[PDB]
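Engineer: So I've got this file, model33.txt, and it contains compact mmCIF, C-alpha atoms and all ligand atoms:
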# COMPACT_ATOMS: atom_id res chain seq x y z
CA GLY A 1 0.00 0.00 0.00
CA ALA A 2 0.87 3.68 0.11
CA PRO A 3 3.47 3.23 2.94
CA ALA A 4 5.27 0.38 1.14
CA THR A 5 5.37 2.47 -2.07
CA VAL A 6 7.18 5.30 -0.20
CA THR A 7 9.62 2.74 1.21
CA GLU A 8 10.33 1.54 -2.32
CA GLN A 9 10.24 4.73 -4.41
CA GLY A 10 10.27 7.69 -1.99
CA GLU A 11 12.99 10.35 -2.08
CA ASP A 12 15.15 10.79 1.02
CA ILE A 13 14.77 14.46 1.99
CA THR A 14 16.83 14.28 5.23
CA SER A 15 20.17 16.13 5.68
CA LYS A 16 21.87 13.07 7.15
CA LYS A 17 20.57 10.90 4.25
CA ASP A 18 19.35 8.30 6.76
CA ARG A 19 15.94 7.56 5.05
CA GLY A 20 14.34 9.06 8.19
CA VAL A 21 11.89 11.00 6.02
CA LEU A 22 10.89 9.67 2.60
CA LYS A 23 8.67 11.59 0.17
CA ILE A 24 6.55 10.97 -2.95
CA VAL A 25 4.81 13.83 -4.74
CA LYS A 26 1.25 12.65 -5.45
CA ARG A 27 -0.06 15.85 -7.00
CA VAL A 28 2.28 18.49 -8.43
CA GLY A 29 1.70 21.96 -6.93
CA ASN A 30 1.92 25.45 -8.51
CA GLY A 31 4.98 27.49 -9.45
CA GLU A 32 8.49 26.98 -8.08
CA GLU A 33 7.93 28.58 -4.64
CA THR A 34 8.20 26.69 -1.32
CA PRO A 35 7.69 28.18 2.21
CA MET A 36 10.28 30.08 4.30
CA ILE A 37 11.16 29.54 8.00
CA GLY A 38 8.54 31.45 10.01
CA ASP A 39 5.86 31.26 7.27
CA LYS A 40 2.34 30.45 8.46
CA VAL A 41 1.44 27.26 6.59
CA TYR A 42 -2.06 25.89 5.99
CA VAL A 43 -2.43 22.14 5.38
CA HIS A 44 -4.95 19.35 5.23
CA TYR A 45 -3.60 15.92 6.15
CA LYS A 46 -4.55 12.33 6.72
CA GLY A 47 -2.22 10.45 9.01
CA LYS A 48 -1.82 7.02 10.54
CA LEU A 49 0.70 4.66 12.06
CA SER A 50 2.40 2.91 9.12
CA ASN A 51 0.56 -0.28 10.14
CA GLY A 52 -2.80 1.46 9.47
CA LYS A 53 -3.94 2.17 13.07
CA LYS A 54 -4.78 5.51 14.74
CA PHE A 55 -6.04 7.13 11.51
CA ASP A 56 -6.65 10.92 11.79
CA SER A 57 -7.78 13.50 9.24
CA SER A 58 -7.77 17.34 9.50
CA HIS A 59 -10.86 17.06 7.31
CA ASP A 60 -12.71 15.74 10.41
CA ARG A 61 -12.13 19.04 12.22
CA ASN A 62 -13.44 20.80 9.04
CA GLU A 63 -10.56 23.30 9.35
CA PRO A 64 -6.96 23.36 8.06
CA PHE A 65 -4.04 22.63 10.37
CA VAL A 66 -1.95 25.80 10.71
CA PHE A 67 1.58 26.30 12.02
CA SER A 68 4.75 28.40 11.66
CA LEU A 69 7.27 26.52 9.51
CA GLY A 70 10.63 25.50 10.93
CA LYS A 71 10.03 26.68 14.50
CA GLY A 72 9.65 23.23 16.15
CA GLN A 73 5.86 23.62 16.49
CA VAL A 74 5.41 20.19 14.87
CA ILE A 75 7.46 16.96 14.62
CA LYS A 76 10.83 17.28 12.83
CA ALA A 77 9.61 15.39 9.74
CA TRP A 78 6.86 17.97 9.14
CA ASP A 79 9.29 20.90 9.41
CA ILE A 80 11.54 19.06 6.92
CA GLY A 81 8.76 17.80 4.63
CA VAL A 82 6.47 20.84 4.36
CA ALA A 83 9.50 23.01 3.55
CA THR A 84 9.86 21.08 0.24
CA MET A 85 6.23 21.51 -0.88
CA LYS A 86 4.65 23.91 -3.36
CA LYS A 87 1.21 25.49 -2.98
CA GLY A 88 -1.39 22.91 -4.07
CA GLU A 89 1.02 19.97 -3.70
CA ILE A 90 -0.07 16.70 -2.10
CA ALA A 91 2.73 14.49 -0.83
CA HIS A 92 3.13 11.21 0.99
CA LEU A 93 5.67 11.07 3.85
CA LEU A 94 6.95 7.97 5.59
CA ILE A 95 8.67 8.88 8.83
CA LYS A 96 10.93 6.91 11.18
CA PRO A 97 10.58 7.53 14.96
CA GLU A 98 13.72 9.70 15.11
CA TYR A 99 11.86 12.34 13.05
CA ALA A 100 8.55 11.90 14.93
CA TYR A 101 7.79 10.98 18.60
CA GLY A 102 10.80 8.75 19.28
CA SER A 103 10.80 6.57 22.37
CA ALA A 104 8.41 8.84 24.32
CA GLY A 105 5.57 8.63 21.77
CA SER A 106 2.51 10.86 22.23
CA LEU A 107 0.38 8.67 24.46
CA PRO A 108 -2.01 7.11 24.42
CA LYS A 109 -2.56 7.37 20.66
CA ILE A 110 1.06 7.15 19.41
CA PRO A 111 3.30 4.42 20.95
CA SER A 112 7.06 4.39 21.54
CA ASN A 113 9.18 3.91 18.41
CA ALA A 114 6.37 4.49 15.88
CA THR A 115 6.76 4.96 12.12
CA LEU A 116 4.21 7.37 10.73
CA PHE A 117 2.58 7.86 7.34
CA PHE A 118 0.97 11.12 6.20
CA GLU A 119 -0.78 12.36 3.12
CA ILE A 120 -0.30 16.17 3.27
CA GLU A 121 -1.82 18.88 1.12
CA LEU A 122 -0.21 22.35 1.24
CA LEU A 123 -3.12 24.72 0.78
CA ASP A 124 -1.22 27.97 1.25
CA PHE A 125 1.54 29.79 3.12
CA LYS A 126 2.07 33.36 4.29
CA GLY A 127 4.71 35.30 6.21
CA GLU A 128 3.49 36.79 9.51
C1 LIG B 201 7.84 14.90 19.20
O1 LIG B 201 8.08 16.24 18.70
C2 LIG B 201 7.06 17.10 18.73
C3 LIG B 201 5.93 16.51 19.16
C4 LIG B 201 4.82 17.22 19.24
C5 LIG B 201 4.72 18.52 18.86
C6 LIG B 201 3.29 18.77 19.13
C7 LIG B 201 2.44 17.55 18.44
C8 LIG B 201 1.98 18.06 17.10
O2 LIG B 201 1.68 16.98 16.09
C9 LIG B 201 2.41 16.92 14.92
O3 LIG B 201 3.56 17.37 14.82
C10 LIG B 201 1.84 16.18 13.77
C11 LIG B 201 1.78 16.98 12.50
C12 LIG B 201 0.64 17.91 12.49
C13 LIG B 201 -0.65 17.15 12.54
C14 LIG B 201 -0.67 16.49 13.91
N1 LIG B 201 0.48 15.56 14.02
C15 LIG B 201 0.47 14.24 14.35
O4 LIG B 201 1.50 13.56 14.49
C16 LIG B 201 -0.89 13.59 14.67
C17 LIG B 201 -1.01 12.21 13.99
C18 LIG B 201 -2.06 11.79 13.27
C19 LIG B 201 -1.95 10.51 12.78
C20 LIG B 201 -0.81 9.85 13.07
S1 LIG B 201 0.09 10.99 14.04
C21 LIG B 201 -1.10 13.42 16.22
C22 LIG B 201 -2.59 13.10 16.52
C23 LIG B 201 -2.69 12.74 18.01
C24 LIG B 201 -2.18 13.94 18.84
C25 LIG B 201 -0.75 14.29 18.44
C26 LIG B 201 -0.76 14.67 17.02
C27 LIG B 201 0.90 19.00 17.34
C28 LIG B 201 1.13 20.34 17.05
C29 LIG B 201 0.15 21.30 17.23
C30 LIG B 201 -1.09 20.94 17.72
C31 LIG B 201 -1.37 19.59 17.97
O5 LIG B 201 -2.59 19.17 18.45
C32 LIG B 201 -3.73 20.08 18.63
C33 LIG B 201 -3.52 21.01 19.85
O6 LIG B 201 -2.52 20.77 20.62
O7 LIG B 201 -4.35 22.02 19.94
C34 LIG B 201 -0.36 18.63 17.78
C35 LIG B 201 5.92 19.23 18.39
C36 LIG B 201 7.16 18.45 18.33
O8 LIG B 201 8.48 18.73 17.87
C37 LIG B 201 9.25 19.92 18.00
Could you write out this file's structure as C-alpha cells?
Ligand SMILES: COc1ccc(CC[C@@H](OC(=O)[C@@H]2CCCCN2C(=O)[C@@H](c2cccs2)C2CCCCC2)c2cccc(OCC(=O)O)c2)cc1OC
Structural biologist:
Amino acid sequence: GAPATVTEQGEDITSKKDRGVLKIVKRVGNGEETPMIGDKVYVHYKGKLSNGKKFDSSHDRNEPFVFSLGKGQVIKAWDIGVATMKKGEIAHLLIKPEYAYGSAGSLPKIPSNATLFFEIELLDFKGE
C-alpha cells in the first residue's frame, strides 16, 4: 500500500541521508515557490501509524491545520517535509521515529518507536 510504495520509491529528503523522512509527490503543486522559516502554513492531512492504526484526518475538524514553519511547532519530519512543498502539492511522507515521537511517543494514541505515514496537502503559506 501507500506506505510500502514510499519505502520503495520515496525520495530521502533528510540532511543526514538516513531515510528518516521519505517523500513521494502525489499531486504536483503550482509554481516553483516553497515556504520560508517562520511562514504560516495551511495544510490538510490524513495520518496514521504505518501499520494502518490511529487514523486521523484534519478534514474531520473541518478546518486546516496551521503552524509556523521551521520553529519546532510540529514533529521534525513535518518541518523538513512541508518546507519542500509547493502550494497545491499533495505528498506522501513515511517517517521513522527519530523524526517523529521517538521513544516517548505521544500517548495514548502514538506508541514508543512508531513509524508514521501522512498524506499532506499544502493549501497555502504566508509570512506573519
Ligand atoms: C515529538 O516532537 C514534537 C511533538 C509534538 C509537537 C506537538 C504535536 C503536534 O503533532 C504533529 O507534529 C503532527 C503533525 C501535524 C498534525 C498532527 N500531528 C500528528 O502527528 C498527529 C497524527 C495523526 C496521525 C498519526 S500521528 C497526532 C494526533 C494525536 C495527537 C498528536 C498529534 C501538534 C502540534 C500542534 C497541535 C497539535 O494538536 C492540537 C492542539 O494541541 O491544539 C499537535 C511538536 C514536536 O516537535 C518539536
Engineer: Would you compute the distance between CA of residue 63 in chain A and atom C12 of ligand LIG 201 (chain B)? Give it in Å to one decimal.
Structural biologist: 12.8 Å
Engineer: Excluding residue 126 in chain A and its own-chain neighbours fewer than 6 positions away, which residues fall within 12 Å of it when counting only C-alpha atoms? Please give them as JSON, numbers by chain.
Structural biologist: {"A": [33, 34, 35, 36, 37, 38, 39, 40, 41, 42, 66, 67, 68, 69, 87]}
Engineer: Using only C-alpha atoms, collect all residues at a distance of at most 6 Å from (-4.8, 14.9, 2.6) as written in the file, then present them as an MDAnalysis selection string.
Structural biologist: chainID A and resid 44:46 119:121
Engineer: Give as a PyMOL selection string each residue that has an atom at most 10 Å from (-3.3, 4.8, 10.3) in the file, counting only C-alpha atoms.
Structural biologist: chain A and resi 46-57+116-118
Engineer: Give me the residues near range 110-112 of chain A as a list in words, where near means some atom within 10 Å (using only C-alpha atoms) and where sequence neighbours in that chain fewer than 2 positions away do not count.
Structural biologist: residues 48, 49, 53, 54, 97, 100, 101, 102, 103, 104, 105, 106, 107, 108, 114, 115 and 116 of chain A
Engineer: Which distance in Å separates atom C33 of ligand LIG 201 (chain B) and CA of residue 82 in chain A, to one decimal?
Structural biologist: 18.4 Å
Engineer: Mind pulling up the distance from CA of residue 6 in chain A to CA of residue 80 in chain A?
Structural biologist: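 The value is 16.1 Å.
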Engineer: Go through A:124, A:79, A:12, A:89 one by one, measure the shortest atom-to-atom distance of each to ligand LIG 201 (chain B) using only C-alpha atoms and all ligand atoms, and give the residue with the smallest value.
Structural biologist: A:79
Engineer: For residue 7 in chain A, which of A:21, A:90, A:122, A:85 is the closest residue, counting all atoms listed in the file?
Structural biologist: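 When distances to residue 7 in chain A are compared using all atoms listed in the file, the smallest one comes from A:21.
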Engineer: Can you sort out range 13-40 of chain A so it carries N, CA and C atoms, written as a JSON list (two decimals), keeping the file's coordinate frame?
Structural biologist:
[["chain", "number", "residue", "atom", "x", "y", "z"],
["A", 13, "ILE", "N", 14.65, 13.01, 1.90],
["A", 13, "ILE", "CA", 14.77, 14.46, 1.99],
["A", 13, "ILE", "C", 15.45, 14.88, 3.29],
["A", 14, "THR", "N", 16.06, 13.93, 4.03],
["A", 14, "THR", "CA", 16.83, 14.28, 5.23],
["A", 14, "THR", "C", 18.22, 14.82, 4.89],
["A", 15, "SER", "N", 18.79, 15.64, 5.79],
["A", 15, "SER", "CA", 20.17, 16.13, 5.68],
["A", 15, "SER", "C", 21.16, 14.99, 5.79],
["A", 16, "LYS", "N", 20.95, 14.14, 6.80],
["A", 16, "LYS", "CA", 21.87, 13.07, 7.15],
["A", 16, "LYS", "C", 21.79, 11.93, 6.14],
["A", 17, "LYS", "N", 20.79, 11.95, 5.24],
["A", 17, "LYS", "CA", 20.57, 10.90, 4.25],
["A", 17, "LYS", "C", 20.44, 9.54, 4.94],
["A", 18, "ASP", "N", 19.53, 9.48, 5.93],
["A", 18, "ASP", "CA", 19.35, 8.30, 6.76],
["A", 18, "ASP", "C", 17.98, 7.66, 6.49],
["A", 19, "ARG", "N", 17.29, 8.05, 5.41],
["A", 19, "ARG", "CA", 15.94, 7.56, 5.05],
["A", 19, "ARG", "C", 14.90, 7.80, 6.17],
["A", 20, "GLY", "N", 15.19, 8.77, 7.05],
["A", 20, "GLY", "CA", 14.34, 9.06, 8.19],
["A", 20, "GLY", "C", 13.02, 9.68, 7.77],
["A", 21, "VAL", "N", 13.04, 10.34, 6.60],
["A", 21, "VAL", "CA", 11.89, 11.00, 6.02],
["A", 21, "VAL", "C", 11.95, 10.79, 4.52],
["A", 22, "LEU", "N", 10.99, 10.01, 4.02],
["A", 22, "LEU", "CA", 10.89, 9.67, 2.60],
["A", 22, "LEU", "C", 9.63, 10.30, 2.02],
["A", 23, "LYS", "N", 9.72, 10.78, 0.77],
["A", 23, "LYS", "CA", 8.67, 11.59, 0.17],
["A", 23, "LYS", "C", 8.35, 11.13, -1.27],
["A", 24, "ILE", "N", 7.04, 11.03, -1.57],
["A", 24, "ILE", "CA", 6.55, 10.97, -2.95],
["A", 24, "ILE", "C", 5.60, 12.13, -3.19],
["A", 25, "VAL", "N", 5.76, 12.81, -4.33],
["A", 25, "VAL", "CA", 4.81, 13.83, -4.74],
["A", 25, "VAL", "C", 3.63, 13.13, -5.43],
["A", 26, "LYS", "N", 2.42, 13.32, -4.90],
["A", 26, "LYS", "CA", 1.25, 12.65, -5.45],
["A", 26, "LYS", "C", 0.48, 13.57, -6.38],
["A", 27, "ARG", "N", 0.44, 14.86, -6.06],
["A", 27, "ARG", "CA", -0.06, 15.85, -7.00],
["A", 27, "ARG", "C", 0.88, 17.04, -7.01],
["A", 28, "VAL", "N", 1.33, 17.41, -8.22],
["A", 28, "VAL", "CA", 2.28, 18.49, -8.43],
["A", 28, "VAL", "C", 1.58, 19.81, -8.10],
["A", 29, "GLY", "N", 2.27, 20.69, -7.35],
["A", 29, "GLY", "CA", 1.70, 21.96, -6.93],
["A", 29, "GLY", "C", 1.88, 23.03, -8.01],
["A", 30, "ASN", "N", 1.73, 24.30, -7.62],
["A", 30, "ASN", "CA", 1.92, 25.45, -8.51],
["A", 30, "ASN", "C", 3.29, 26.12, -8.32],
["A", 31, "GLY", "N", 3.82, 26.60, -9.45],
["A", 31, "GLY", "CA", 4.98, 27.49, -9.45],
["A", 31, "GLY", "C", 6.27, 26.77, -9.05],
["A", 32, "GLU", "N", 7.25, 27.55, -8.59],
["A", 32, "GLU", "CA", 8.49, 26.98, -8.08],
["A", 32, "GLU", "C", 8.57, 27.17, -6.55],
["A", 33, "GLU", "N", 7.78, 28.09, -6.01],
["A", 33, "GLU", "CA", 7.93, 28.58, -4.64],
["A", 33, "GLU", "C", 7.58, 27.53, -3.58],
["A", 34, "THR", "N", 8.42, 27.48, -2.52],
["A", 34, "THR", "CA", 8.20, 26.69, -1.32],
["A", 34, "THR", "C", 8.32, 27.60, -0.09],
["A", 35, "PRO", "N", 7.74, 27.25, 1.08],
["A", 35, "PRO", "CA", 7.69, 28.18, 2.21],
["A", 35, "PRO", "C", 8.99, 28.47, 2.98],
["A", 36, "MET", "N", 9.09, 29.67, 3.56],
["A", 36, "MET", "CA", 10.28, 30.08, 4.30],
["A", 36, "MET", "C", 10.10, 29.76, 5.79],
["A", 37, "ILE", "N", 11.20, 29.61, 6.54],
["A", 37, "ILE", "CA", 11.16, 29.54, 8.00],
["A", 37, "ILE", "C", 10.33, 30.72, 8.51],
["A", 38, "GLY", "N", 9.44, 30.44, 9.47],
["A", 38, "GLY", "CA", 8.54, 31.45, 10.01],
["A", 38, "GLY", "C", 7.22, 31.62, 9.25],
["A", 39, "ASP", "N", 7.11, 31.13, 8.01],
["A", 39, "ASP", "CA", 5.86, 31.26, 7.27],
["A", 39, "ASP", "C", 4.75, 30.49, 8.00],
["A", 40, "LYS", "N", 3.57, 31.11, 8.05],
["A", 40, "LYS", "CA", 2.34, 30.45, 8.46],
["A", 40, "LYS", "C", 1.91, 29.52, 7.33]]
